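Below: data_37.pdb (PDB, C-alpha atoms (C1' of nucleotides) and all ligand atoms)
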ATOM      1  CA  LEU A   3       0.000   0.000   0.000
ATOM      2  CA  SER A   4       1.263   3.476  -0.894
ATOM      3  CA  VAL A   5       1.938   6.394   1.436
ATOM      4  CA  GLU A   6      -0.784   8.768   0.256
ATOM      5  CA  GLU A   7      -3.267   5.902   0.213
ATOM      6  CA  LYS A   8      -2.567   5.571   3.922
ATOM      7  CA  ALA A   9      -3.056   9.316   4.343
ATOM      8  CA  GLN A  10      -6.370   9.199   2.494
ATOM      9  CA  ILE A  11      -7.784   6.738   5.021
ATOM     10  CA  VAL A  12      -6.523   8.383   8.225
ATOM     11  CA  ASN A  13      -8.108  11.652   7.097
ATOM     12  CA  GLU A  14     -11.419   9.885   6.488
ATOM     13  CA  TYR A  15     -12.026   7.621   9.496
ATOM     14  CA  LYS A  16     -10.425   9.936  12.030
ATOM     15  CA  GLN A  17     -12.307  10.160  15.321
ATOM     16  CA  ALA A  18     -11.889  13.974  15.229
ATOM     17  CA  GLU A  19      -8.442  13.313  16.678
ATOM     18  CA  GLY A  20      -5.478  13.665  14.362
ATOM     19  CA  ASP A  21      -4.422  10.342  15.854
ATOM     20  CA  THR A  22      -3.750   6.913  14.380
ATOM     21  CA  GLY A  23      -4.215   4.601  17.341
ATOM     22  CA  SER A  24      -7.953   4.069  17.670
ATOM     23  CA  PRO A  25      -9.469   0.823  16.317
ATOM     24  CA  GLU A  26     -11.504   2.661  13.690
ATOM     25  CA  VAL A  27      -8.198   3.784  12.218
ATOM     26  CA  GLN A  28      -6.568   0.370  12.544
ATOM     27  CA  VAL A  29      -9.432  -1.733  11.174
ATOM     28  CA  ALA A  30      -9.758   0.583   8.171
ATOM     29  CA  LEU A  31      -6.097   0.299   7.191
ATOM     30  CA  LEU A  32      -6.160  -3.489   7.229
ATOM     31  CA  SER A  33      -9.394  -3.824   5.256
ATOM     32  CA  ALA A  34      -8.118  -1.686   2.394
ATOM     33  CA  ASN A  35      -4.996  -3.841   2.225
ATOM     34  CA  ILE A  36      -6.738  -7.228   2.091
ATOM     35  CA  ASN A  37      -8.814  -6.082  -0.883
ATOM     36  CA  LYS A  38      -5.687  -5.004  -2.766
ATOM     37  CA  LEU A  39      -3.992  -8.400  -2.498
ATOM     38  CA  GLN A  40      -6.877 -10.464  -3.894
ATOM     39  CA  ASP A  41      -5.696 -10.012  -7.478
ATOM     40  CA  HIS A  42      -2.112 -10.755  -6.543
ATOM     41  CA  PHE A  43      -3.298 -14.215  -5.518
ATOM     42  CA  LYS A  44      -5.291 -14.769  -8.694
ATOM     43  CA  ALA A  45      -2.205 -14.419 -10.861
ATOM     44  CA  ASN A  46       0.217 -15.985  -8.384
ATOM     45  CA  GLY A  47      -1.372 -19.224  -7.270
ATOM     46  CA  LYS A  48       1.652 -21.097  -5.939
ATOM     47  CA  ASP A  49       2.852 -18.136  -3.865
ATOM     48  CA  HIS A  50       2.584 -19.873  -0.516
ATOM     49  CA  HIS A  51       5.115 -17.891   1.504
ATOM     50  CA  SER A  52       3.156 -14.717   0.790
ATOM     51  CA  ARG A  53      -0.156 -16.435   1.469
ATOM     52  CA  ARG A  54       1.074 -16.743   5.051
ATOM     53  CA  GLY A  55       1.269 -12.989   5.492
ATOM     54  CA  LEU A  56      -2.323 -12.366   4.466
ATOM     55  CA  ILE A  57      -3.755 -14.625   7.155
ATOM     56  CA  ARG A  58      -1.896 -12.607   9.772
ATOM     57  CA  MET A  59      -3.845  -9.514   8.730
ATOM     58  CA  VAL A  60      -7.197 -11.316   8.658
ATOM     59  CA  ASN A  61      -6.820 -12.713  12.168
ATOM     60  CA  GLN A  62      -5.639  -9.346  13.433
ATOM     61  CA  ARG A  63      -8.838  -7.800  12.121
ATOM     62  CA  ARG A  64     -11.203 -10.140  13.961
ATOM     63  CA  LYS A  65      -9.405  -9.408  17.222
ATOM     64  CA  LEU A  66      -9.904  -5.647  17.081
ATOM     65  CA  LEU A  67     -13.600  -6.039  16.300
ATOM     66  CA  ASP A  68     -14.239  -8.084  19.438
ATOM     67  CA  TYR A  69     -12.355  -5.504  21.450
ATOM     68  CA  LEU A  70     -14.636  -2.932  19.867
ATOM     69  CA  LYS A  71     -17.745  -4.993  20.588
ATOM     70  CA  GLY A  72     -16.418  -5.702  24.079
ATOM     71  CA  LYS A  73     -16.594  -1.973  24.810
ATOM     72  CA  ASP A  74     -19.448  -0.456  22.790
ATOM     73  CA  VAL A  75     -22.204  -1.336  20.351
ATOM     74  CA  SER A  76     -22.930   2.094  18.852
ATOM     75  CA  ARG A  77     -19.346   2.456  17.638
ATOM     76  CA  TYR A  78     -19.475  -1.119  16.339
ATOM     77  CA  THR A  79     -22.444  -1.034  13.963
ATOM     78  CA  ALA A  80     -21.444   2.417  12.719
ATOM     79  CA  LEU A  81     -18.216   0.774  11.505
ATOM     80  CA  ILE A  82     -19.482  -2.606  10.275
ATOM     81  CA  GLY A  83     -22.059  -0.966   8.018
ATOM     82  CA  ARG A  84     -19.586   1.629   6.789
ATOM     83  CA  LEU A  85     -17.253  -1.104   5.496
ATOM     84  CA  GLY A  86     -19.649  -3.989   4.834
ATOM     85  CA  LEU A  87     -18.223  -6.906   6.801
ATOM     86  CA  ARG A  88     -19.499 -10.037   8.590
TER      87      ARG A  88
ATOM     88  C1'   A B   1       1.854-109.832-114.813
ATOM     89  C1'   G B   2       0.327-106.082-113.881
ATOM     90  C1'   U B   3      -3.381-101.959-113.899
ATOM     91  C1'   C B   4      -8.150 -99.117-113.861
ATOM     92  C1'   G B   5     -13.424 -99.905-112.509
ATOM     93  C1'   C B   6     -17.932-101.977-109.480
ATOM     94  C1'   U B   7     -19.755-104.281-104.859
ATOM     95  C1'   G B   8     -18.293-106.064 -99.830
ATOM     96  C1'   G B   9     -14.578-106.355 -94.742
ATOM     97  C1'   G B  10     -11.116-103.279 -92.502
ATOM     98  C1'   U B  11      -8.081 -98.306 -91.536
ATOM     99  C1'   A B  12      -6.909 -92.876 -91.389
ATOM    100  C1'   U B  13      -9.195 -87.665 -90.675
ATOM    101  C1'   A B  14     -13.628 -84.936 -89.826
ATOM    102  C1'   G B  15     -19.474 -84.600 -83.997
ATOM    103  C1'   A B  16     -18.396 -90.602 -86.516
ATOM    104  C1'   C B  17     -23.546 -96.017 -83.268
ATOM    105  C1'   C B  18     -27.140 -92.951 -79.905
ATOM    106  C1'   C B  19     -28.356 -90.332 -75.225
ATOM    107  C1'   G B  20     -25.904 -88.135 -70.604
ATOM    108  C1'   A B  21     -21.876 -84.259 -67.060
ATOM    109  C1'   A B  22     -19.432 -81.093 -63.336
ATOM    110  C1'   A B  23     -16.576 -77.124 -65.453
ATOM    111  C1'   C B  24     -13.819 -73.364 -68.785
ATOM    112  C1'   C B  25     -13.853 -68.726 -72.481
ATOM    113  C1'   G B  26     -16.140 -64.498 -75.432
ATOM    114  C1'   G B  27     -20.359 -60.219 -76.236
ATOM    115  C1'   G B  28     -24.336 -58.629 -73.472
ATOM    116  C1'   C B  29     -28.973 -58.127 -69.316
ATOM    117  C1'   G B  30     -30.036 -57.158 -64.088
ATOM    118  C1'   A B  31     -29.364 -53.043 -57.304
ATOM    119  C1'   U B  32     -38.327 -52.623 -58.832
ATOM    120  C1'   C B  33     -35.745 -58.414 -53.791
ATOM    121  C1'   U B  34     -31.342 -57.889 -50.911
ATOM    122  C1'   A B  35     -26.075 -55.392 -49.128
ATOM    123  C1'   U B  36     -23.990 -50.572 -47.957
ATOM    124  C1'   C B  37     -24.134 -44.901 -49.407
ATOM    125  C1'   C B  38     -26.780 -40.146 -51.350
ATOM    126  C1'   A B  39     -30.670 -36.035 -51.659
ATOM    127  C1'   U B  40     -35.798 -34.804 -49.885
ATOM    128  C1'   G B  41     -39.946 -36.240 -46.753
ATOM    129  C1'   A B  42     -42.923 -38.185 -41.860
ATOM    130  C1'   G B  43     -43.529 -41.750 -37.967
ATOM    131  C1'   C B  44     -43.169 -42.961 -32.452
ATOM    132  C1'   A B  45     -50.494 -43.653 -27.480
ATOM    133  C1'   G B  46     -49.478 -43.007 -22.603
ATOM    134  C1'   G B  47     -46.908 -43.282 -17.797
ATOM    135  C1'   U B  48     -42.130 -42.824 -14.581
ATOM    136  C1'   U B  49     -37.213 -41.161 -13.195
ATOM    137  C1'   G B  50     -34.624 -37.028 -12.009
ATOM    138  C1'   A B  51     -28.315 -34.986 -13.953
ATOM    139  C1'   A B  52     -25.894 -30.368 -15.063
ATOM    140  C1'   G B  53     -27.324 -25.592 -14.401
ATOM    141  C1'   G B  54     -29.813 -21.361 -12.295
ATOM    142  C1'   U B  55     -32.209 -18.566  -8.333
ATOM    143  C1'   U B  56     -32.192 -17.353  -3.320
ATOM    144  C1'   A B  57     -30.877 -18.252   2.472
ATOM    145  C1'   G B  58     -26.439 -19.571   5.181
ATOM    146  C1'   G B  59     -21.160 -19.858   4.575
ATOM    147  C1'   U B  60     -15.643 -18.112   3.358
ATOM    148  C1'   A B  61     -10.647 -12.646   3.070
ATOM    149  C1'   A B  62     -12.328 -14.922  -1.341
ATOM    150  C1'   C B  63     -13.168 -19.579  -3.638
ATOM    151  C1'   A B  64     -14.813 -23.663  -0.468
ATOM    152  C1'   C B  65     -18.995 -25.949   0.844
ATOM    153  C1'   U B  66     -24.549 -26.362   2.724
ATOM    154  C1'   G B  67     -30.159 -25.885   2.433
ATOM    155  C1'   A B  68     -34.487 -24.610  -0.223
ATOM    156  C1'   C B  69     -36.970 -23.397  -4.894
ATOM    157  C1'   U B  70     -36.724 -24.349  -9.797
ATOM    158  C1'   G B  71     -34.948 -27.015 -13.762
ATOM    159  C1'   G B  72     -35.547 -30.870 -17.662
ATOM    160  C1'   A B  73     -30.178 -34.538 -19.362
ATOM    161  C1'   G B  74     -30.361 -39.781 -21.038
ATOM    162  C1'   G B  75     -27.393 -45.157 -27.439
ATOM    163  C1'   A B  76     -32.279 -43.889 -19.215
ATOM    164  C1'   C B  77     -37.016 -47.125 -17.055
ATOM    165  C1'   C B  78     -42.277 -49.533 -17.779
ATOM    166  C1'   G B  79     -45.723 -49.898 -22.106
TER     167        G B  79
HETATM  168 MG    MG A 101     -32.943 -48.449 -60.399
HETATM  169 MG    MG A 102     -33.507 -49.305 -54.683
END

Any chance you could give the structure as structure tokens?
Amino acid sequence: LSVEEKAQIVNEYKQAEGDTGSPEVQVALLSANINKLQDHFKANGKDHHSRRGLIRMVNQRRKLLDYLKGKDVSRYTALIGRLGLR
RNA sequence: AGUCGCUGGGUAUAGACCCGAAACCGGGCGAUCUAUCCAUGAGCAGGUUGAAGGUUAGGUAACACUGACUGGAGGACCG
């Protein structure tokens, strides 16, 4: 993922902060990066050592959602529907 | 003492006392039956079975894979 494509996302899903630590910043950065790789793995089929890196990012994303659900519900469904998951 | 007739018995060559093969060769006739092919036609009551596919619900990062609804394949099944 590029540098300005990171800066496009942090500007968008900022929690009126200027700050990159909140889960709505972190979940957004991972989800844009999984969608980019899906055509790398339709050309490269036998790329197994890079398949291993993608499953790290998927499992990291389901851990931050349950932390988000384990605190609030209003912040949760305002983020699930804004990305279209589950 | 031989020669040319005539009438008889033989012999040679021609179907050669009469009847009787299976086969072989040469010009034709035939695919209105039957054996394949070609062009143009039509014939097969009824009653079962239920493939692939598709839709949608779940499902998965995605493809997996599940269910339901449909669907109408076969040198398929009874008749
Ligand atoms: Mg004829
Ligand atoms: Mg004929």

**OP:** Compare A:65, A:84, A:50, A:58 by their minimum atom-to-atom distance to chain B, counting all atoms listed in the file, and give me the closest one.
**Re:** A:58

**OP:** Go ahead and find all residues with at least one atom no further than 10 Å from (-30.5, -40.3, -13.3) in the file's coordinates, using only C-alpha atoms (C1' of nucleotides); report them as an MDAnalysis selection string.
**Re:** chainID B and resid 49:51 73:74 76

Original post:
Written as a list in words, what is the full residue list that the PyMOL selection byres (((chain A and resi 11) around 12) and not hetatm) yields on the file shown?
Top reply: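 On the file shown, the PyMOL selection byres (((chain A and resi 11) around 12) and not hetatm) covers residues 3, 4, 5, 6, 7, 8, 9, 10, 12, 13, 14, 15, 16, 17, 20, 21, 22, 26, 27, 28, 29, 30, 31, 32, 33, 34 and 35 of chain A.
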
**OP:** Residues of chain B near chain A: apply a cut-off of 12 Å, count all atoms listed in the file, and supply the list as a ChimeraX atom specification.
**Re:** /B:59-63

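Neighbours of ligand MG 101 (chain A) at a cut-off of 10 Å, computed so that all atoms listed in the file are counted, are the residues residues 30, 31 and 32 of chain B.
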
Segment 61-75 of chain B: axis-aligned bounding box, 5 Å on each side, centre and edge lengths in Å, one decimal, as lines of an AutoDock Vina configuration file:
center_x = -23.8
center_y = -28.9
center_z = -12.2
size_x = 36.3
size_y = 42.5
size_z = 40.5

Original post:
So which residues are near ligand MG 102 (chain A), meaning at most 12 Å away with only C-alpha atoms (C1' of nucleotides) and all ligand atoms counted, given back as a list in words?
Top reply: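 Written in the requested form, the residues are residues 31, 32, 33, 34, 35, 36, 37 and 38 of chain B.
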
Subject >> Interatomic distance, atom CA of residue 87 of chain A to atom CA of residue 25 of chain A (Å, one decimal) >> reply: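 Atom-to-atom, atom CA of residue 87 of chain A to atom CA of residue 25 of chain A, that is 15.1 Å.
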
**OP:** Please measure the separation of atom CA of residue 74 of chain A and atom CA of residue 18 of chain A, giving the value in Å to one decimal.
**Re:**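 Distance reported for this atom pair: 18.0 Å.
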
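Here atom CA of residue 51 of chain A stands at a distance of 20.2 Å from atom CA of residue 63 of chain A.
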
**OP:** Write out as an MDAnalysis selection string the residues lying within 12 Å of residue 54 of chain B, counting all atoms listed in the file and excluding same-chain residues fewer than 3 positions away.
**Re:** chainID B and resid 69:71

**OP:** Find the residues near residue 67 of chain B: any atom within 12 Å, counting all atoms listed in the file, skip ones fewer than 4 places away on the same chain, and give them as number ranges by chain.
**Re:** B: 56-59

Original post:
From the list B:46, B:41, B:10, B:28, which residue is nearest residue 78 of chain B when using only C-alpha atoms (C1' of nucleotides)?
Top reply: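 Nearest candidate to residue 78 of chain B out of B:46, B:41, B:10, B:28: B:46.
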